[PDB]
Structures are given as C-alpha cells and as structure tokens.
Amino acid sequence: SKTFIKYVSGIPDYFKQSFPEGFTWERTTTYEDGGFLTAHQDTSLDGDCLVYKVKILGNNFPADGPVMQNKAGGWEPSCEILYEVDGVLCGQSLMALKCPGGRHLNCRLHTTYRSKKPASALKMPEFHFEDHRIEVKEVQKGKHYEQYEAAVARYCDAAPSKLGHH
C-alpha cells in the first residue's frame, strides 16, 4: 500500500506521482527455510477510493515451519532500499518473522515498482531508504485480521557523510 508513505528531505514520490493512472508492483519474497511468496499487485484510483487487486502464489513452505504450523508472531520493523533500475523503481529488503522462543525467521523481498505513467511525466528518486512497521491483530482465528502500517522515506541522516553525499 505504497501510496501511504511520508517522504522527507525533498525525495520525489514515485507512487503519488503515478496518479491518476496508478501503478503496479511485483515481488518474490524468499524465506531462509525454503519458502517462496510471489505477488503481483495493481493499484488504481477510482473516484476518492484506492483500489488494490492482488494475486499470490506461495510455495515450498516447510510443513514443520512456523508458517505452515501457524505459529508466527508478526514482523519486526524493517528497512527497504529503493533505487532506479531500467527506468522503473526497484526495492530490496530483509524482514524478520518473530517465532516461538524469541527466535526469528528471515526473508528477502525482491520488488519492482512500475508506474503506469510514462517516464516523461515522472521524477525518479535517488537511492533512498524506507522504514516500515507492520502490526497485525488476529481478530477471528484465520478469518478476520487488522493491520496497521507506518512508513517513512528518507536518506541516511543517522550516519552522516564526511563528503556531503546522501
């Protein structure tokens, strides 16, 4: 849901720029225990409503793993790197799934974000970071869920450059 990002430091907003036409994204998440989760998403603006259409293919998740055993405890906050590749926006991130016993299971997200606008109408951002926090509440067992996210797009201000670079 990449329309909801707080951009700081004068970084251009690839997703908001894409309207009215909208954008798509595509991703494969590779899990360290052999699982794969692949997705394609279409984002459109319809009146005053954003409309998401998602297709999912997941495979090779170990039967004894936290995913198939339904014993996962949600995601840690995460950091994504984003930069231009082939005239579109690429995203890479590592995430860590909380497991029983204070353990974590890591995965890597391989993303391509694709505006439906032509390149001529877009300001492509420089290399930057996106901080994410996703929090989920299971309201009804395997049926109803609530999800909260906060996202901020920024440069590295915490570890400053001595040469005035970002």
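A residue's number is simply how far along the shown sequence it sits, counting from 1.
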Mean B factor on CA atoms, stretches 132 to 140 and 109 to 117, record says higher is 132 to 140
So which stretch wins on mean C-alpha B-factor, 48 to 56 or 27 to 35? 48 to 56
Which third of the chain holds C79 when residues are ordered by C-alpha B factor: lowest, middle or highest? middle
Among the modelled residues of its chain, does the C-alpha B-factor of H40 lie in the lowest, middle or highest third? lowest
Looking at the temperature factor on the CA atom of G91, which third of the chain's modelled residues does it land in? lowest
